[PDB]
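A single chain comes next, written as structure tokens; it is the form deposited without this ligand.
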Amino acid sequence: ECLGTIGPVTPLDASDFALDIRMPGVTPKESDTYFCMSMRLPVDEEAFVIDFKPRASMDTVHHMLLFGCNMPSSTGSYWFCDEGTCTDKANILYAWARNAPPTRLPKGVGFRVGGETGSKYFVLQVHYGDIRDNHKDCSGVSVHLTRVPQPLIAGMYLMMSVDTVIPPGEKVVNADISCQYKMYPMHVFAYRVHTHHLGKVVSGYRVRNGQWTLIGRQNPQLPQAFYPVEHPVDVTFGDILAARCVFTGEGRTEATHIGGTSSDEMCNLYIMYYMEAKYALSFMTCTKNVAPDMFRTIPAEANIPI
């Protein structure tokens, strides 16, 4: 429901509070409309996002995304997300998908927000799929925040292409992404893939001593939630992280490159990890392809579509 007089901030005890991030009674007019709003953190000192509860109108909402950043794109009450999520780096934290219910964060794992370094804003993205009561929508996510230092820190290792070109009518275009991991060990517990209409399959592995350990494999045309990892996977100083997207050009009249519009593409694998608080960092990114010849021994599963 829509909040009203009671406010978005709910105390749970002396150190915990829930924060409801809701669309400010919005009303769409077209199909596939993307709405976005932001919420400054109520505390200025450091806190840990320890849990998420979805509050979605199961009739209208296709998916939701929650980000953490410091410069939301619009100082507005809400905006068309085409304008942008964040001017700075948008950190993904939560992803709700309609027909793919999210898995909870492991216990003891939490994101670092606020303080000197952590995110100062939450930004919410709500995709509306199908559209007549003239109702004002307040769908969103309720977020459990604590000030208690969590022993394990959640983080994101984003893997993304940039230089990809998909020629028109080209049967198979591969986008390889590879990086050497150079931090304290991390443990991947969930993953999410992102592609636009041209992607067929996305796969992420850990290569250690020349052997591929599957992190995640998915059709990007399937709902784009965070799916849990079958068996938790440690990546460690030395290991190489490797991802491939498979694209088709068939159907397109002109060549497609990486971009933000629906006629552009994207090969994004979001690896969600946790680290020991004392070693932890919160976000890593790989946009390089440091070991391209290594992809010669990529598992055949990464090329056959699920």
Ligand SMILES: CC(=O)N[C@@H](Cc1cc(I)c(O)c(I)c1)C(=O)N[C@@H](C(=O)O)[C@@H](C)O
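In case it trips you up, residue 1 is the first one in the sequence shown, and so on.
Form solved in complex with this ligand: not shown, discussed below.
This ligand is not shown here, and in the entry with it bound it never comes within 4.5 Å of any heavy atom of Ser73. In the entry with it bound, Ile92 approaches this ligand with a heavy atom inside 4.5 Å. Taking the partner from elsewhere, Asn219 is found to have every heavy atom lying beyond 4.5 Å of this ligand in the entry with it bound. Not displayed here, this ligand is approached by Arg192 to within 4.5 Å at the level of heavy atoms in the entry with it bound. This chain appears without its partner; in the entry with it bound, the one residue of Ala277, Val26, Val43, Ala56 with a heavy atom within 4.5 Å of this ligand is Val43. Between 192 to 200, 116 to 124, 132 to 140, 166 to 174, the stretch whose residues reach within 4.5 angstroms of this ligand in the entry with it bound through a non-hydrogen atom is 192 to 200.
The three residues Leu12, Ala47 and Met160 all sit with a heavy atom within 4.5 Å of this ligand in the entry with it bound.
Scanning 266 to 299 for heavy atoms within 4.5 Å of this ligand in the entry with it bound gives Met266, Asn268, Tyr270 in sequence order.
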